Amino acid sequence: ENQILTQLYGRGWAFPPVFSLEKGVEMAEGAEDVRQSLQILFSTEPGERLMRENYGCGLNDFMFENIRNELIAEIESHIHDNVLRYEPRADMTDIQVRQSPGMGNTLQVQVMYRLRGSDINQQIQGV
Amino acid sequence: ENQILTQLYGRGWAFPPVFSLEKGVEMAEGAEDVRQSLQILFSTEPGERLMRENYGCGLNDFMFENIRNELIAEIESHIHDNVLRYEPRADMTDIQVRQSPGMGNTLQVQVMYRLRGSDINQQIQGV
Amino acid sequence: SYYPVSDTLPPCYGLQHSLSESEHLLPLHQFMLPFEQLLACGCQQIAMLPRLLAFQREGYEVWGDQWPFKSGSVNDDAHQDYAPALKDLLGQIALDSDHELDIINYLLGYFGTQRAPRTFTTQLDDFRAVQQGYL
Amino acid sequence: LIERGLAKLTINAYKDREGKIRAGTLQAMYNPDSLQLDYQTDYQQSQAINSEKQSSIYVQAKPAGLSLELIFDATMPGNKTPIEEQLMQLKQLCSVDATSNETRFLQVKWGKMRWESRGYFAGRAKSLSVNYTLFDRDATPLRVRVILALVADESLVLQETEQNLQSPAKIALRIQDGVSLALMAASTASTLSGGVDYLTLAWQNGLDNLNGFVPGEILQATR
Amino acid sequence: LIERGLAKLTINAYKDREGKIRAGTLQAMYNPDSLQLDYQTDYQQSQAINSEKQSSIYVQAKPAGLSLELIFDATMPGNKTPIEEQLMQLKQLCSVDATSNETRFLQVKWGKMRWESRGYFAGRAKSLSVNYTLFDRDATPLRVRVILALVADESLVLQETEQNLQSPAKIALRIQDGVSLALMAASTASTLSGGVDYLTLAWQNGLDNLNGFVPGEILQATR
Amino acid sequence: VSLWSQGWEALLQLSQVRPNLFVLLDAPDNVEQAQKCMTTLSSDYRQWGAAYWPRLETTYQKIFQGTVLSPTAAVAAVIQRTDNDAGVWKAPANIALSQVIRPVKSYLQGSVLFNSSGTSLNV
Amino acid sequence: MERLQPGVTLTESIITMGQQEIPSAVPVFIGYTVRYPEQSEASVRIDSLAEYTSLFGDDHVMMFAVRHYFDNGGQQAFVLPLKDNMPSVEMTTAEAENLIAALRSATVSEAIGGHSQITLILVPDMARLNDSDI
C-alpha cells in the first residue's frame, strides 16, 4: 500500500463518495483507483452521463436473451473492446463467463486484469 | 612459441591472474591469448559481468534437460553463434557433443578451432 | 556506505568464493586491496562533509581512516593477518591535521577575518582549540 | 456446451469508424464454407556501396483482407425471403453513405470466432461479385452467389490504447537479490524504447547511492 | 541415436535484431511437410560501344525467403488447445511491436536442421495467410491452414565477424622450400583483397634480402 | 538435530501406503544441521523424497520484511507446470520462481550440500 | 570455478573425434616405445596422439611418426610395440641387428597375422639406423 503506485495512476475520488471530517473526501490511490475505475464503468450504462454520451458498459442491450454459447461469446467480445476504450490503465488478461450453479438464470462474468507498466502484487485487501 | 603470433593477436593478462615478483603479471601471448579468450567466455555466464550485460556462454539456461538429439543439436547451434560474437580471433571448425561413457548424466562438448589469418601449428604444450 | 569492487567481479575469479580453496585466490585478493582503499577514501570524505564544513569544529580528524570491508565479510577474512597493521598506517591522517587549520582560515574568511599567524610559543594542541572556538 | 444451435454470419454496417451510429444489419441465410484472411508486409532492402550486410528495413504493414462467399436461395421450401430483399440489403452496406460521403464500416461477426483477438472483423467492402443463376420464368432469381472482399479498417481509439499497454510511459519494477543497477536498467529497454541510463534511472528514483537499494524496493523508470 | 521423439517447429519472436529481448514463442501442433528456401542474386550486363565481351557485373544479393505452411486443429480427440489461442499467438509474432515501431524478428528452428549453417532461420514475416475451414456450429474453427512467408533479416554483429575470418586484416604464412618471394606474395592475394607487393611484403617482415628467408621462417602480410 | 530426521522418516514412511506417492520435504537452514540430517537419516525408503534447501523470502508483508517461507510449495507448482507441457519425463529443475525476493541463506554457504557420491540435497 | 556442483566446467581431457572407419586402409606402427604399459592385448588401436601419449609414453622417434600420421588425415591406426629396450641416440651395429631379428620373430608375426583388420604395415623405426650403422 505504497506511494510508488500513486505516481503511476494518480489519486482520485473513491466511487462510494463518502466524505469525512478529517482528510476531506476519501481518495482512491494508485492501485485502487484503477480497480474502482472499472467499478464505475460497469455500473453506468451508456447515455446517462451528461455530455459524454457514449460512456459505460452496455450490457443492458443484450439481456433477457437466452444463455447459449453465442451470447457468452458476445459478452467476452463486448467486455474486451470496452475496457480498451474507457480504461487505458488496466489491461484485461482473461474473461470467464459462466452461469451460476445455484440459480440458472443469472450468469456471472469475471474480469481478470493487470495494471499497465507494473507487475506488483497487492499485499492484502484494503481501501 | 614465437614473437610473430603476438603481432597478430596481442598480449593480455592470463586468465588465472597469478602475479609474479619478476615480470609483473603473467602475460598471455599471441597464440595462447586466443585459447584463454575462449576459456574466459565459457566460464562466465551472461549477466554477471558488470556493464557488459550480455557477455558469456549461457549453457546454464538449458541444463537439467534430458539428453536427446534435440538438446545436442541446440548446443552446437548455441556454441557456434556465440563464438562468432565474442571471439573474433578464433574461427570454429567443428563441434562434437556426446555423453561420456563413464557417467551417463554428464555430456562433454569439444570445440575445435583455428585462429584466423594463420595456419601455424603449436610445437608442444606450454603457457 | 561502501560496497566493495571485489563483489562486482565475475565469480570465476573467486573473490566471493571460499577462502584459499585454490592458491591463486590470495595473490588476486591482495591486488584489489590498494585500489579498494583509494575508493574507500572517496566514500568517507563525502560522508565527512557535514563534519568537514561545520562551523562548530572539534576535531583533529580529516579525510578518513576507516576499513573498507565490514567485519563479517569474506573480504575481511583474506587480510585478517595484517588488518591491525594496515589500520594503524591508516592512522597517518592525524599527521595531516595541518590541513584542518587551512579550512578554519577559509571558514573564518566568510566573516572577513583571516586566521591567526602561527607563533613559536603555540603549544599547538592548545593553540588549535582557541582557533576552533573562534570560528 | 450449453446449447446446440447454428450461429450465423451477421454484417453490421456503421456510419462511423468508432462504431457508434448503426446503418443496418444483414444476417446470412447459409454461412460461408471458408474464411480466408490475408496479411502482408512490405520490406525494402537497403543498398550500400561499402558493405554487403543483408538487412531489409520495414516500410509498411498492409491491412488485413477477409474474403468470404455467400449463397442466397429461394428455390427450396424451407426459405421464403426473396433475394431482391436480401441483395438490396447487402448492397446498402457496400454503399456510399450520403451523411459522411464515404462507404460504411462493416463488422462481420459470428459465434465464438475471434478474428485474431477481435470478436468482429471491422473493415469496409473492397469488392462484391453477385452471380445470378437459376431464375424463375417470372425472372425472379432463385440462386445468387455473392463473393465479398473486405479490407481492414479498425478504430483508432482502440489502437491508441494497445500501444500504451504494450509500451507504457511509466514502468514500476521489483528488484530481486543482487541484480545491479547496470543490469536492471538494461531490463527496462525491453519495454521503454531504449532503456533509461543507469544514472538517469538512479536520479528519478532519488537513489542515495548507485547500490543503495534493498532487494524488496520498487524502482520507477519513466521516460 | 540417443532417443526417438518428434522435434517440433518453434518460432521465437525477438524485439531486436541481435536476439536479446524475447517477445514470445509458438510451438507448432504438426510440423510442416516441406520447407522451401529461395535465394536470388541480381546481375546487370555491362554494355559498351567498342567491345563485345560478355561480362555481367554484380548488383545485389537479395535476402533468403523461407516459405512453410502449418495446420492447426481441434476436431481430433488428442488435441484440446483452441485455435483462437494459437492464432492469437501467431499473429502477435507478425505484428508491429509498439516498443520499436517495427515488426518482430522471428527465429524458426527445429531439431538438427541447419538452415545453411545457422541453427535457426532469423528473419521477419513477409506474409501470412490463414484459411479457416470446418467450423463448429458454435462457429469455433476446427481446422486452420496458415501459410507463412519469411524474409531473412540476420544480425549484423554475426555478419561482421564472418568477413573477418574470411578475409582477415593480418596474415601469417609458413614458407616451404624454394617458393620465391615473388611467388609467395601472389599466394597472399587469395585472402588479402589484392596481394601485397613483393617489395612491401619484404619491408613489413624486415627482410635483409629478397631471398633472405629460410624455409622454416614465418612471414607476415598485413595491409 | 535428530528431530528433523524423526520428521523425515515419518514422511518417507507415509509415502508407502499406496503406489503413486512422492514427498517434497524441507531441509533445515543451518548448514551443520543439514549435513547431519543427510547422513544420519537411515531409512530404507529414501528414493521417494527430495529436499530443497533454502527458505524463500516472499513478497508478502511481515517488501521490507517479507515472510520467510518453505520452498516446497513453489516446487510442487513447477512440478505440475512441467507436467502440463513436457510430460513427467522432464526434470523439474531450472525453472523460475514467481513471488520470491531471495533465498534467506546465501548460495555459496550451501555449496557443501551437493555431494556426487553421497546424499545430495537440492539447492 | 566449482567443479563438483552442477554447471559448465571446462576440462583439459581430450575426447575422441568421430571416426569414419575406412576398412581397407589401416596401418600398424611397429617400433620401440618408451613406456610399454599395456598388459591386456598384443597390438592396440589408437585414435589420437593425446590418447597415444598417455598410452605409449612421450619423446621418441615413433611418436613423431604417429603425430605426423594424424596431421595428414589418418584417423585410425594400430601400434604393436617391440618389447626390447629403446635404442641410443645413434644406432650401434650391435643393436641394429636386435631390431631386424625382432622383426623376424614370431612374437610380432602372430599379433599381425592374428588380428585380420590391418591392411598395410610399416616400420617408422628403420630410418633410425640411417646414421652410423656401418
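Residues numbered from 1 in each chain as written, not as in the entry; some residues may be left out. Chains lettered and ligands numbered in written order. Part of a larger assembly, values for the part shown. Heavy atoms only, no water.

For this entry, the PDB record names cryo-EM as the structure determination method and reports a resolution of 3.5 Å.

Enquirer: What exactly am I supposed to notice about the overall build of chain C here?
Expert: Counting its regular elements, chain C contains seven helices and zero strands. Moving toward the C terminus, one meets the helices and strands of chain C in the order α-α-α-α-α-α-α. The C-alpha radius of gyration of chain C comes to 20 Å, more than 25% above the 14 Å expected for a compact globule of 135 residues. Seen through its C-alpha atoms, chain C measures out along the principal axes to roughly 60 × 25 × 20 Å. Looking at chain C residue by residue over its 135 residues, the buried ones come to 36%. The long-range fraction of contacts in chain C, counting pairs at least 24 apart against all pairs at least 6 apart in sequence, stands at 62%. For chain C, the accessible area works out to roughly 8700 Å², and carbon and sulfur atoms hold 59% of it. Here chain C carries 7 positive and 17 negative side-chain charges, and the mean point of each set is 11 Å from the other. (Helix = DSSP H or I, 4+ residues; strand = E, 2+ residues; numbered from the N terminus. Rg over C-alpha atoms; globule rule 2.2 N^0.38 Å. Buried < 20%, exposed > 50% of the residue type's maximum accessible area, 1.4 Å probe, protein only. Contact = heavy atoms within 4.5 Å. Areas by Shrake-Rupley, 256 points an atom, 1.4 Å probe, with all protein chains shown as cover. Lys, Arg positive; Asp, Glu negative; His and termini not counted. Charge placed at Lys NZ, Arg CZ, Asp CG, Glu CD.)

Enquirer: Would you explain the sheet that holds strand β3 (residues 56-58) of chain F in this entry?
Expert: Hydrogen bonds between backbone groups are what pair the strands of a sheet, and the pairing can be parallel or antiparallel. Residue and element names in this part refer to chain F. Taking strand neighbours across the sheet as the criterion, the three strands line up as β4-β3-β5 in an open arrangement whose pairing is antiparallel. What marks the edges here is a single partner per strand, and that holds for β4 (68-69) and β5 (100-103). Looking at chain direction, β3 and β5 are connected through three bridges and run antiparallel. Opposite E57, over in β5, you have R102 as the bridge partner. (Pairing = 2+ DSSP bridges.)

Enquirer: Any chance you could explain empty space enclosed by the protein here in plain terms?
Expert: The method is simple in principle: a probe with the dimensions of a water molecule rolls over the atoms, and the space it marks as empty is what remains. Empty space within the largest cavity amounts to approximately 60 Å³. Surrounding the largest cavity, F15, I40, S43, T44 and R49 of chain B together with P10, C12 and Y13 of chain C form its lining. Across the lining of the largest cavity, the residue classes tally to five nonpolar, two polar and one charged. Taken as a whole, the second largest cavity spans an internal volume of roughly 40 Å³. Taken together, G14, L15, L19, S20, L25, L26 and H29 of chain C form the lining of the second largest cavity. When grouped by side-chain class, the residues that make up the lining of the second largest cavity number four nonpolar, three polar and no charged. (1 Å grid on protein atoms, 1.4 Å probe; cavity = no way out; pocket = protein on both sides within 12 Å on 5 of 7 lines; lining within 4 Å. Points joined across faces, edges and corners; volume = space filled by probe spheres on them. Nonpolar A, V, L, I, M, F, W, Y, C, P; charged D, E, K, R; others polar.)

Enquirer: Looking at this structure, I do not really get helix α3 (residues 72-85) of chain F. What am I missing?
Expert: What sets the pattern is the α-helix's 3.6 residues per turn: residues three or four places apart point alike. All names here are of chain F. Helix length check: α3 (14 residues) gives 21 Å between terminal C-alpha atoms against 20 Å at 1.5 Å per residue, within 8%. Residues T72, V75, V78 and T82 constitute the buried set of α3. Along the axis of α3, the buried residues cluster in a sector spanning 115°; they form a single face. Away from its buried face by more than 90 degrees, α3 exposes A73, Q80, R81 and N84. Elements in contact with the buried residues of α3: β1 (23-26) and β2 (49-52). A positive phi of about 75° marks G87, the residue just after α3. (Expected span 1.5 Å × (residues − 1). Arc of directions from axis to C-beta.)

Enquirer: Could you clarify how one ought to interpret the interface of chain D and chain E in this entry?
Expert: Often, the extent of an interface is quoted as the loss of accessible area upon association of its parts. Between chain D and chain E, the residue contacts involve 41 residues of the former and 46 residues of the latter. Both faces combined, the contact of chain D with chain E buries some 3600 Å², and carbon together with sulfur accounts for 51% of it. In terms of surface lost to chain E, no three residues of chain D exceed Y39, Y43 and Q54 of chain D, which account for 17% of the buried area on that side. The tally of links from chain D across to chain E stands at one salt bridge. One salt bridge connects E160 of chain E with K53 of chain D, and the closest N-O pair in it is separated by 3.9 Å. (Buried area = accessible area lost by both parts, 1.4 Å probe. Salt bridge = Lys/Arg side-chain N within 4 Å of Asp/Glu carboxyl O.)

Enquirer: Would you mind showing me how to read the side chain of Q76 of chain G here?
Expert: Residue and element names in this part refer to chain G. With respect to the element layout, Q76 can be found in the loop between α2 (61-69) and β3 (77-82). A polar contact is formed between the side chain of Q76 and the side chain of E21, at a distance of 3.2 Å. Among all residues touching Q76, those that are not within four sequence positions of it are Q19, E21, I22, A25, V26, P27, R45, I46 and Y69. (Polar contact = N/O pair within 3.5 Å; in protein donor to acceptor, adjacent residues only side chain to side chain.)

Enquirer: Can you walk me through the relation of the copies chain D and chain E in this structure?
Expert: Note that the two copies of the chain are related through a rotation about an axis and a translation along the same axis. Of the transformation placing chain D onto chain E, the axial shift is 0.0 Å and the rotation is 60°, giving an RMSD of 0.0 Å. Between the two chains, the operation in question is that of a six-fold axis. (Least-squares fit on C-alpha atoms.)

Enquirer: What is the right way to look at the arrangement of the chains in this model?
Expert: Here the protein chains form 14 pairs of chains in contact, of which the pair with the most contacts is chains D and E. These two, chain A and chain C, are apart from each other, with no contact and a minimum C-alpha gap of 25 Å. There is no contact between chain E and chain F; across them, the least C-alpha separation is 11 Å.

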